[PDB]
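**Student:**
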Amino acid sequence: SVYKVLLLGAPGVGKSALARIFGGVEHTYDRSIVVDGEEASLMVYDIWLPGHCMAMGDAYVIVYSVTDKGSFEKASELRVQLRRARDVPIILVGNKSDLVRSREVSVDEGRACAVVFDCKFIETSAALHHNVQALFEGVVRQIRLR
Ligand SMILES: Nc1nc2c(ncn2[C@@H]2O[C@H](COP(=O)(O)OP(=O)(O)O)[C@@H](O)[C@H]2O)c(=O)[nH]1
Ligand SMILES: [Mg+2]
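In terms of PDB author numbering, the sequence shown is residues 90 to 115, 125 to 146, 154 to 191, 195 to 254.
(1) Would you report the Cα separation of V171 and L140, rounded to the nearest angstrom?
(2) Where does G156 sit, in a helix, a strand or coil, going by DSSP?
(3) Under the criterion of a Cβ to heavy atom distance below 7 Å, does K104 qualify as lining ligand 1?
(4) What are the residues that DSSP puts in a beta bridge with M141?
(5) Extract the residue ranges of the beta strand (DSSP E) inside the segment 202-231, only unbroken runs of 3 or more that lie entirely within it.
(6) Any contact between the segment 90-99 and the segment 126-144? By contact I mean 3 or more CB pairs, one from each, below 8 Å.
(7) Taking 8 Å as the cut-off, decide whether the C-beta atoms of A222 and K228 are in contact.
(8) Cβ of residue 192 within 7 Å of any heavy atom in ligand 2?
(9) Is the beta carbon of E245 less than 8 Å from the beta carbon of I110?
(10) How many angstroms separate the CA atom of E212 from the CA atom of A190?
(11) Considering only residues of the same chain and omitting the five flanking positions on each side of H237, which have a CB-CB separation below 7 Å?
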C-alpha cells in the first residue's frame, strides 16, 4: 500500500528533523517499510495554504515540542482546523524528549491531549532518534486499522 502523510505543527518543533531521519537525509520523502510482516510505502510531506495542506494526506502527524508550551497550544488549534476541513488517522507527537531540563509540557498533558483528540500519542527525540521509527510504523498501523 502507498500512503501520504502530512506533518503539521508550529515552527521549531522538529517536523523537518523527524522527516529527514525517516527519509534517511542529513520537502517530501518516500520510503517503503515493513510493518507487521507487510510492506507499505509512505510518502511524507514536510510542507506545513493551510487549507490545501490539510485536504490531502491519508494521515496526519501533529507535532509539538515538549520544551514549548505555546507549540502544544498550537497543536490544539491545528486539530480544530483539521476537524473543519476533513475519519482520517491522527498521531500526536511530543518531540525533543531529550531536553529534560527545559520541558514545559508534561507527559501527562500530552496523554490528556490524546484523550481529547481520541488519537495515539507518542513522545520522540529527533536528537537521539528515539521513537522515530516507532512513530511512522504507528502511522501505518493506524491507517490500516481505519
Ligand atoms: N535537542 C533536540 N533538538 C531538536 C529535536 N528536534 C528538533 N530539534 C531542534 O529544534 C530546531 C527546529 O528543528 P526543525 O526540524 O527545523 O523544526 P521544524 O521547524 O518544525 O521543521 C532545530 O534547532 C533542531 O536542531 C530533538 O528531538 N531534540
Ligand atoms: Mg521544517
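Every residue gets a Cβ at the ideal spot worked out from N, C-alpha and C, and that includes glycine.
**Tutor:** Quick look at the numbers:
(1) 26 Å
(2) helix
(3) yes
(4) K93 and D128
(5) 228-231
(6) yes
(7) yes
(8) For residue 192, no position is available: the coordinates of the chain end at 191 and pick up again at 195.
(9) no
(10) 30 Å
(11) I110
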